[PDB]
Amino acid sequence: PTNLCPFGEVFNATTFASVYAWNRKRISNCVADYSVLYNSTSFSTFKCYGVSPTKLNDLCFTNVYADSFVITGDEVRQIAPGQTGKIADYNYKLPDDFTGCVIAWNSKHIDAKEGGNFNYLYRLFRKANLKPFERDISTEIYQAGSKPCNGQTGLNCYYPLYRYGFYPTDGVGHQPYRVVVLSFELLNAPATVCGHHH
């Protein structure tokens, strides 16, 4: 494999997906330098489960999937196997058998602005927790009670999406962070997403 994996598009993308509406891309037949990923000090979080980053340059996988959204700094703990809370439960759930790498960096410079930036959303409520890698962009009215809702916001009937308000003055735990989850997939198939060393 000669051509380069377009991880650069994923990471240097100017526009980034709201988290309930989280963006997935497949990276498929390409060779990558993962060093440019780990050998870099932009990344507040860089955790890997099932792989060790320094070896990713020897290793070929059949597919890599890049999921990317924005979340608050405190929530980056929720993007992990066996984790709970309104992000892990209602917007993005990684599976307990995950083999891959959560990567996150602080993005207050771009995703927060004076007066607030409200262009990002998230799902406070859901009837049930999500399935691993389940995406859900519904705007249906949450009903926890007995009396139904007719698209009616009221007693026990709440619109399921809320906006992030990102301000420059916000404490670090409530500032916007851009997140990127790489799943390294191993199928008994040929493997064409390879590290820099064959």
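Numbering starts at 1 and follows the sequence shown.
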Could you check the entry and say whether 28-36 or 141-149 has the higher mean CA B-factor?
141-149
Residue 73: which third of its chain by C-alpha temperature factor?
lowest
Sorting the chain's CA B-factors, does residue 103 end up in the lowest, middle or highest third?
lowest
Ranking the modelled residues of this chain by C-alpha B-factor as given in the entry, is residue 18 in the lowest, middle or highest third?
lowest
Can you tell me which third, lowest, middle or highest, the CA B-factor of residue 65 falls into for its chain?
lowest
Lowest, middle or highest third: where is residue 89 by Cα B-factor in its chain?
middle
